[PDB]
Amino acid sequence: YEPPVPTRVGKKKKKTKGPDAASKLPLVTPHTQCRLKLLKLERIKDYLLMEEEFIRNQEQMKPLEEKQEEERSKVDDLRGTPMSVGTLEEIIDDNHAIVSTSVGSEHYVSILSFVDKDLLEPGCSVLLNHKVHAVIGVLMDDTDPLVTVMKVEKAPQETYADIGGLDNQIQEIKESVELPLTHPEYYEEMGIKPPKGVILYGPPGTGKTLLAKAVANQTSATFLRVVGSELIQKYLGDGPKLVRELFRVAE
Amino acid sequence: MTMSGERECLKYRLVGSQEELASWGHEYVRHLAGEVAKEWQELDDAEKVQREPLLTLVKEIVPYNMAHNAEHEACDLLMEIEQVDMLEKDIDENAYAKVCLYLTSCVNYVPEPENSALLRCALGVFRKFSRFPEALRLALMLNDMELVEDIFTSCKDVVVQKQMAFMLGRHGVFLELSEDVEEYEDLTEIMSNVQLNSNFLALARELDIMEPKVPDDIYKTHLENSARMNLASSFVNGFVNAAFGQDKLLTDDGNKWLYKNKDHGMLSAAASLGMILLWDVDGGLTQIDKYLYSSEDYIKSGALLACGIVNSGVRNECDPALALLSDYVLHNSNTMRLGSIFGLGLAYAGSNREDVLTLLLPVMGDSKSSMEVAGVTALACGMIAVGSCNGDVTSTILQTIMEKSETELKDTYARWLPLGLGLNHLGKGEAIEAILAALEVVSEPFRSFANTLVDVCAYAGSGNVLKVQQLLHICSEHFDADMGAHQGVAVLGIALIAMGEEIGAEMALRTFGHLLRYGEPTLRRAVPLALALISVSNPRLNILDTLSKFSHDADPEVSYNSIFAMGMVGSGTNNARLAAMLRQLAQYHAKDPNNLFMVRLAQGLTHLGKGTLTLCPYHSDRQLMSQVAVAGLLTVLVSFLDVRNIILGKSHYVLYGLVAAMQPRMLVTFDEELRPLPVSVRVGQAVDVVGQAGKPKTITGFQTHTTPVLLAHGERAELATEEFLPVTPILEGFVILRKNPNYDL
Amino acid sequence: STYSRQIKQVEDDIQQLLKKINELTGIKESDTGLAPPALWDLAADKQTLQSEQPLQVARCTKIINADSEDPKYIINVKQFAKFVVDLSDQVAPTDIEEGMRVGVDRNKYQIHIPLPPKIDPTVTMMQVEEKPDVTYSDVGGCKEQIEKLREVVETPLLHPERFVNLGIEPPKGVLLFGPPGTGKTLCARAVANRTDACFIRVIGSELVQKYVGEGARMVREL
Amino acid sequence: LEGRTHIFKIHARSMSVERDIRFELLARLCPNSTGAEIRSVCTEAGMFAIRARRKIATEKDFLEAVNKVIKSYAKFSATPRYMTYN
Amino acid sequence: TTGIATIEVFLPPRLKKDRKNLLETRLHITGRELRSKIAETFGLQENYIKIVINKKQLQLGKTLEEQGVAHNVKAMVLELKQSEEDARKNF
Ligand SMILES: Nc1ncnc2c1ncn2[C@@H]1O[C@H](COP(=O)(O)OP(=O)(O)OP(=O)(O)O)[C@@H](O)[C@H]1O
Ligand SMILES: Nc1ncnc2c1ncn2[C@@H]1O[C@H](COP(=O)(O)OP(=O)(O)OP(=O)(O)O)[C@@H](O)[C@H]1O
Ligand SMILES: [Mg+2]
Ligand SMILES: [Mg+2]
C-alpha cells in the first residue's frame, strides 16, 4: 500500500473570495459611448450568441437523465436530507478527507464531485451526508458575532467639517487612510507605498476619536473599531488569539 | 434633436443657413453628425447628387471635433460613411497619436474590406507625419510585401532605419536591399539576426545565469517525500539551457548520456544538442559535427535535425544548413531522411526560398518516402512557405493528398499534409475557396479534417466570428473518434482564430469550458491544446486552474494534453507557482510513465531558456502576428491530437517544432552604434490608453529595472527618465536610444 | 452620445444572454459550497457512494500475536468504543504499526487503510503556501548576514552533495537578532520566497494556549 | 553608511526621484537608523511631492522627510532602548 | 576576370576578425588546396575546418569549376572539434 498523493498544491483554500464567478466578462475600454466600445460590446455579444446556440444543441440531444434541472435534482438525491454539519480535519487526497461530526467522532469520507473543492480548508465547516458522511458541501460560515462587534455598520454622522483647528491633522490622516483609496494613482506615479500605519496621540478630549469618526464617515473601506482595553482577555492566549482574529476579519 | 429627427435635423441644417456649424452648439453637431451617418446608409447610388452639402459638413465637423479633444468621435463619423480617407488631410501634430491609436484598436473587430482600409488610413497618417517606426508596424500587420520596401527606403535618417531591421528581423521577414543604400551591411546584419546570439549571450551574462542547469535541479527530486525517463530528461535538459551554448550533461562526455537513451529516444536526445546552440549558427555547427559522424542511424539523423534547430530563426547570407542536409533528403533509410526535412523546415521556416522548397518538394512524391516522411515534408515546406500562398507547394501537397489511399489516409501522420497546405495560407483569409474546392474531391473522413484545418489556418489571428460560428457547429454534432477526428481541429481552430485580440481570447475561454463540459472524448481531448495556443507563455491563473483540475482526468489524452498545456501556457515564464504544481503532478503521476513524461515535458517548458525565452507568436505590444512562430506552435499542437501515437510514440521530434517559435522576451536598448546602453526603465502591466484624453498612464503596478530585463507577457515598458528618446514607441526587443536635445538644456 | 442608444441595447442583450446562459449552465447556490456544474461527475459520485464505504478513524493500540498467522489489532475508535479487530485482506500486515491511526469500517471494524498522524488544524495552517514577494535583492546592508543565513538554511538543501562528500554536518539553526526594523523578518520572508522545501512560519504568540500543556503539544505536532 | 545608502537605493528604486539625489548624504543624516526608517523617509519624501502636486521628488523633499522621520519622530524611536537588549 | 574569382568568406566570432574579408585564388585548384590557404590567409588551423561553397559542402577532391563555384561566390569557415579522421576513429 502507498499513501494517496494530492494533485492540489497545498492544504489551504483559494485566496480569492466573493468574485464575479463566470460573469467575469472582459473589461471593455474605453467607457466612452463610441463605436469601438460598440464594436467590443458586439464582440462579446457575438460569442455569447454562439455560446447560447452551442449549449442549447448539446442539451437538446442530451439524455433525459442528464439535464440541468435533472442533474440538480440528482445532486439533492446524492446529498440527501438531513445534511449534517461537520468539521474538516485533514484533506487526505483530492477526493478524500478526514471529517469530524459534532459528537467528536472522526470519519474518513469521500469528497463528492459537486463539492466546491477550493473552499475546503482544515477547520472549515463541511456538510456531510447523513448516512455515508461523505463530503457533499461546504457551509458558508455565518458572520461571527465577533465580526459584528468590530464592524461599524453605519458610518458616524461626524464629518471633517465638524472638526475645527485640526487642519494639519486631517491632512496627514487623510493621506494614509483616505487619499490612497480615492486617488491611488498619486502613489503609483510616484512609486511609493502609502504610509503604512498612523497613530493619533495627544491630551484627552483633543479630537483623536473624532477624526477617526470623520474617517469612518467618508471611507469606502470596512471600518473595524476595537478599544485597546478589549484586548485584555480573561484566558491565556485569548488576547493574542483575538488580535489575530481582528486582522483576519480585516483581511 | 428633441424628437427622433429622421431626415429632419439635417434637412433644416442642409437647406437653412450655411454658416459655421459649431455656432449652434457642440451637442447640436453631435446629433447632427450622428444624423449624417444615418442618412448616408439610406442614400443609394442614385442619390449621389444629394451629398453636396453633406460632404461640406464633415469637412467642418472633423476640425470641430479635434479642437475640443473630442477626437474619437471624429473617427466614428467617417468610419460609418466609409470615407476614412479625408481624415489625414486635417490631422494635426497634437492628435496624430490619439487618432491612430483609436482606429488601430478597431482593426481587431471591423471586417473586410474595412479591415485593411482602416489600417491604410492610419498608415497614411504615420507616413505623413514622418513616424516611420510605427508606420512599419502597421505595414507588417497588413502583410504588404510591397509596402515594406517603400516604408523602409523612404526614410533618410539611417539611425531610424536600423531600428526597423530589428523589428523586421524579429518578425522574420527578409528584405533584399540594394547595395546603393547607405549602411547596407549592418542593416542586413541587424535584420538577419546574426548578432542575436551575441546579444542573447551578453544579456544573460548580465543576468548571471550562464551556469548550466541539470534536469535534477529542475526536477528537485530530493524534496520528493527507463527509456521514457531518459528521453524525457533530454528535453528537460535542452529546454532549460536552450540557446545558451553550455550544458553540464551533453557537452561533458555526451556519449554516456546520449547512449543512455534508446530507440527514437536517441533521435531527440541527439537533436537536443542543437537546441542548446539555438541561434548559434557558427559555434553550434562546431559542436554537432562530433555526433554527425556517428555510426548509429539515430545519432547522425538526430544531429542532422540539430543543424536545422541551430540555424532556426537565423538567416545568414551564405547557407550552411541546406548544404549539410541536402545530401540526405533522399537517403535510403527513412530515419536519415526524417532528420533532414524537419531540419530544413526549422532552418528555413518563414523563408519562402525556392532553393530549399524545390530541393524538398520531390521528397514527398518519392516512393521510398513513408507516411511519416510524407507528413514532415508537408510540415517543413509549410514552415518555409508559411502565409505565402506558394503555388508550387499547393499543387504537390494537393497531389499527394489525393494520391494516398483510403487506408493510407487513416494513418494519423497523414494529418500533417493538410497542415502544410494550411501553413501556406496562414492568415491569408478567403484565398482558400479555390483550395477548399480541391479538397472536395478527396475521400472522407479525411476531407472533413482537411477542410476544417486549412480553413482554420486561413483565418488565424483574424477573429472572424462567422468562421468561429462554423467551427462551433462542427463541434455541435457528436458522433458515437474515427468520424469525429476533425472535431479536435475545430476546437484548436477557435483558439487559432480568437488569438487576435484580448476580448475575443477571453470570450473564447468560457466557450472552451463548455466544450470541456458537454464535449465527447475526441472533442474534449483538444481543448487543453486550444488553451495552450490561445495563451502560450501567458500563465494566467484562470487557464492554469482550469488545466489544474483536469490534469488527473479519466481520459489519458486529456490528462496528457492538459499537463503539456500547463507547461506551454507557462513556457519560458519560470513561474514558481506553476513549477510547484508540476512538481506535485510528478508525485501524483509517478507510477504512470506516460503521464509523468508529460509532467516532465511541462517542467522543461516552464523553465525554457532559464526564463529568457518565449513561445508567444505575438510581439509589438501583442499586435504583430509572427508567421514562423504560429507554424512552430501549430506543428506541435496539431501533432498532439494523437498524443498516444506521435508524441508518446516514436515521433517526439515534432516537439522541436516550437524551436521556430522561440524568441527572447527582450528589452535591450542600444546606442546609435548598436552598443549596450543600460538605463532606468519602468516595467509593469500594460493599460489600455484608448478613449480617455490627456496623458493617461499605460502601465500599472510597475517597477524600475535596468534595461536588459525580461518582459513577461502583457508587461509594457516606459523609460523612467527622459534622457533618451526611443526610436520606436514600442519598447520591446532591441531598441535604439537617442539623446534628447531638450534634456539637460 | 450617438451610440448611447445602441450600446444600452446590446448591453442589455448581453446581460439577458448572460442570465440565459446561467439558466442552462447553472451559476447559483454557492452557499452550500456547490461547485460549478462543469466539474460534476454525477455518474462517478453514485458509484463512489456504493463502491466506497465510509471509514471511521481509529487508532491502533496493540497487536496481539503478531508472529502467528492470526494477528489481532486493538483499536480505539475516538469517542465511540474500543474493539479487538483483525486486519483486512486488501492491506499488508506490515503496513499497520502500534500507535498509528487507521481507517475501519462500520460493520466489523476491520482496519481498511492506514492514516496520516493527526495534526492540529492551526499547526497545519502554519506552513507557508504562497511565498512572499520579497527577494534578497530587497535587503540592503546585510551582505554578510545573508551569506551566513543562506549557507545554513538555503545551501544545504539546494546542493546537499557539497557537504556529504566532505563529511560536513551543516548547522541546523539560525537566530536573527537586532533592534526593530533591522530586517529580521524581511530576511526570513526572502528565505521563504527562495526556498524550495516546506516553510512553516510560527509566531511565538501563536504558541501561547489557554490550557495546560497545550502549547507544548503544538510544538510536538509542529 | 554603505548599508544605509544601499537601503536608500532599494526603496528609492521605483520612485520618481530627481537627477542628483545625494543618497550618500541622506544616509549620513541618519547615523543610527533602521532600514524601516529609511523606507519611511523614502515614502514621506514622495509624500511631500504628492502634497505639492509634484510628480518628481526633489532632494529637498528627502531632507524634509529625514527631519520628519529621523528627527521629529526620534521621541518614539525604538532603537535607543533596543540596542541595550541586542 | 583572368581566371580569379571573388570568394567572400565568413569567419567565426571567436576569431575577432573582419567578417567581411576577401579571399582570392585560382579556379583550377581543388578543394584540398583551398582548405589549406583559407587557414593561412586568416590565421587558422587547417586540420579543424570545414568549408562550404555555393550552399554545398566543399568536396575536397573535386576541382572548383567542376564543384560548381562561380564569380562573387560566398563562403564561410566552420571551426571543428576533433578532425574528420579523428571523429570517425573516435568510436
Ligand atoms: N478639534 C475639535 N473640533 C471639534 N470638536 C472637537 C474637537 N476636539 C474635540 N471635539 C469634541 O470633543 C468630543 C470628545 O472628544 P473625542 O472623543 O474626540 O476625544 P479624543 O481626542 O479621542 O480623546 P480621549 O479618547 O483621550 O478622551 C468629540 O465628540 C467632539 O465633538
Ligand atoms: N536591510 C533592509 N533593507 C531593506 N529594507 C529593509 C531592511 N531592513 C528593514 N527594511 C524595511 O523595514 C521594514 C521593517 O520590517 P521587518 O520585518 O524587516 O522588521 P524586523 O527587524 O523584523 O522588526 P521587529 O523586531 O519589530 O519584528 C521591512 O518590511 C522593510 O521594508
Ligand atoms: Mg477616544
Ligand atoms: Mg519581525
# chains A, B, ... in the order shown; residues from 1 in each chain; ligands from 1
$ interface_residues --of "chain A" --to "chain B" --cutoff "9 Å" --atoms "only C-alpha atoms" --output "ChimeraX atom specification"
/A:4-9,22,25-32,34-36,39-40,43-44,46-48,50-51,53-55,57-59,62,185,188-189,191
$ residues_around --residues "residue 178 (chain C)" --least-positions-apart "6" --cutoff "12 Å" --atoms "only C-alpha atoms" --output "ChimeraX atom specification"
/C:142,145,184-185 /D:34-35,78-86
$ select_by_dssp --residues "chain D" --states "helix (DSSP H, G or I)" --output "count of residues only"
56
$ residues_near_ligand --ligand "ligand 2" --cutoff "7 Å" --atoms "only C-alpha atoms and all ligand atoms" --output "list in words"
residues 138, 139, 140, 141, 142, 178, 179, 180, 181, 182, 183, 184, 185 and 186 of chain C; 7, 10, 34, 35, 36, 37 and 39 of chain D
$ write_last_selection --atoms "C-alpha atoms" --output "PDB file, in the first residue's frame"
ATOM      1  CA  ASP C 138      15.283  43.885  -1.272  1.00  0.00           C
ATOM      2  CA  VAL C 139      17.616  43.515   1.740  1.00  0.00           C
ATOM      3  CA  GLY C 140      20.451  46.043   1.800  1.00  0.00           C
ATOM      4  CA  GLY C 141      23.452  46.247   4.090  1.00  0.00           C
ATOM      5  CA  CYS C 142      23.035  42.615   5.188  1.00  0.00           C
ATOM      6  CA  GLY C 178      18.627  43.067  16.242  1.00  0.00           C
ATOM      7  CA  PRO C 179      16.624  46.186  17.041  1.00  0.00           C
ATOM      8  CA  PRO C 180      13.152  46.505  15.497  1.00  0.00           C
ATOM      9  CA  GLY C 181      13.137  47.475  11.837  1.00  0.00           C
ATOM     10  CA  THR C 182      16.560  45.967  11.135  1.00  0.00           C
ATOM     11  CA  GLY C 183      15.366  43.356   8.639  1.00  0.00           C
ATOM     12  CA  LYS C 184      14.948  40.207  10.721  1.00  0.00           C
ATOM     13  CA  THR C 185      11.557  39.223   9.297  1.00  0.00           C
ATOM     14  CA  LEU C 186      12.465  40.748   5.928  1.00  0.00           C
TER      15      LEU C 186
ATOM     16  CA  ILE D   7      18.745  50.518   1.571  1.00  0.00           C
ATOM     17  CA  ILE D  10      16.418  49.743  -2.732  1.00  0.00           C
ATOM     18  CA  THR D  34      16.944  51.130  10.898  1.00  0.00           C
ATOM     19  CA  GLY D  35      16.005  50.190   7.363  1.00  0.00           C
ATOM     20  CA  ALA D  36      12.386  50.726   8.388  1.00  0.00           C
ATOM     21  CA  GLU D  37      13.083  54.424   8.952  1.00  0.00           C
ATOM     22  CA  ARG D  39      11.796  53.202   3.829  1.00  0.00           C
TER      23      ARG D  39
END
$ residues_near_ligand --ligand "ligand 1" --cutoff "7 Å" --atoms "only C-alpha atoms and all ligand atoms" --output "tab-separated table (two decimals) with N, CA and C atoms, in the first residue's frame"
chain	number	residue	atom	x	y	z
A	162	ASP	N	-17.12	69.12	10.93
A	162	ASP	CA	-17.41	69.21	12.35
A	162	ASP	C	-16.15	69.26	13.21
A	163	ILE	N	-14.98	69.14	12.60
A	163	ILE	CA	-13.70	69.25	13.29
A	163	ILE	C	-13.12	70.62	12.99
A	164	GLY	N	-12.72	71.34	14.04
A	164	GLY	CA	-12.13	72.65	13.91
A	164	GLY	C	-10.71	72.67	14.44
A	165	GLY	N	-9.81	73.28	13.67
A	165	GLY	CA	-8.45	73.53	14.09
A	165	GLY	C	-7.47	72.42	13.80
A	166	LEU	N	-7.94	71.21	13.51
A	166	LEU	CA	-7.06	70.09	13.17
A	166	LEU	C	-6.86	69.98	11.67
A	203	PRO	N	-3.43	65.06	24.40
A	203	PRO	CA	-4.19	65.11	25.65
A	203	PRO	C	-5.61	64.62	25.44
A	204	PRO	N	-6.27	64.17	26.51
A	204	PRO	CA	-7.66	63.71	26.38
A	204	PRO	C	-8.58	64.81	25.89
A	205	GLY	N	-9.54	64.43	25.05
A	205	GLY	CA	-10.51	65.37	24.53
A	205	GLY	C	-10.05	66.19	23.35
A	206	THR	N	-8.88	65.90	22.79
A	206	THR	CA	-8.32	66.73	21.73
A	206	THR	C	-8.85	66.39	20.35
A	207	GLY	N	-9.63	65.32	20.21
A	207	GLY	CA	-10.24	65.02	18.93
A	207	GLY	C	-9.67	63.80	18.22
A	208	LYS	N	-9.03	62.91	18.98
A	208	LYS	CA	-8.43	61.73	18.36
A	208	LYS	C	-9.50	60.80	17.81
A	209	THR	N	-10.50	60.46	18.62
A	209	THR	CA	-11.59	59.61	18.15
A	209	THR	C	-12.46	60.34	17.14
A	210	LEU	N	-12.62	61.65	17.31
A	210	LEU	CA	-13.46	62.43	16.40
A	210	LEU	C	-12.93	62.37	14.98
A	211	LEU	N	-11.62	62.50	14.80
A	211	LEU	CA	-11.04	62.41	13.46
A	211	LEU	C	-11.21	61.01	12.89
$ interface_residues --of "chain C" --to "chain A" --cutoff "6 Å" --atoms "only C-alpha atoms" --output "PyMOL selection string"
chain C and resi 1+3-4+7+14+31-35+40-41+45+54-57+78+121+208-210
$ interface_residues --of "chain D" --to "chain B" --cutoff "9 Å" --atoms "only C-alpha atoms" --output "list in words"
residues 13, 14, 15 and 16 of chain D
$ write_last_selection --atoms "N, CA and C atoms" --output "JSON list (two decimals), in the first residue's frame"
[["chain", "number", "residue", "atom", "x", "y", "z"],
["D", 13, "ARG", "N", 14.25, 52.92, -5.60],
["D", 13, "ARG", "CA", 14.42, 52.37, -6.94],
["D", 13, "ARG", "C", 13.23, 52.73, -7.83],
["D", 14, "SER", "N", 12.02, 52.48, -7.35],
["D", 14, "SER", "CA", 10.81, 52.71, -8.13],
["D", 14, "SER", "C", 10.24, 54.11, -7.95],
["D", 15, "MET", "N", 10.92, 54.98, -7.21],
["D", 15, "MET", "CA", 10.41, 56.33, -7.00],
["D", 15, "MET", "C", 10.66, 57.19, -8.23],
["D", 16, "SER", "N", 9.93, 58.30, -8.31],
["D", 16, "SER", "CA", 10.16, 59.32, -9.33],
["D", 16, "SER", "C", 11.06, 60.43, -8.76]]
